[PDB]
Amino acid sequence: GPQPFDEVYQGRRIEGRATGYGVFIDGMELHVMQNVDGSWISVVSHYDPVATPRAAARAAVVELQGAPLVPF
């Protein structure tokens, strides 16, 4: 379903790992969720849906401005 990815975006490693699918930023999990229209949000950008988990990870990197995620 959601496509795996693993790349550096603005100095952060962003991953979509298939087992169960999880998004990670510098090895910490980004809580994400899919809306029924197929769009994605995250706990870092909750109110602004984007098209894919990669797009959600990139939006989170912009928002974080270098900051690490903490556990949820």
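Quick note: we count residues from 1 along the sequence shown, nothing fancier.
Gap size, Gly20 back to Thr19 (deposited sequence, no coordinates) = 4 to 9 residues are missing.
key: Given 10-18 and 52-60, the range whose Cα B-factors average higher in the PDB entry   = Per the PDB record, 10-18.
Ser42, C-alpha B-factor rank within chain (lowest, middle or highest third) = Bottom third by C-alpha B-factor.
task = Taking the values exactly as deposited, rank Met33 by C-alpha B-factor within its chain and report the matching third: lowest, middle or highest.
result = Middle third - that is where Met33 ends up once the chain's C-alpha B-factors are sorted.
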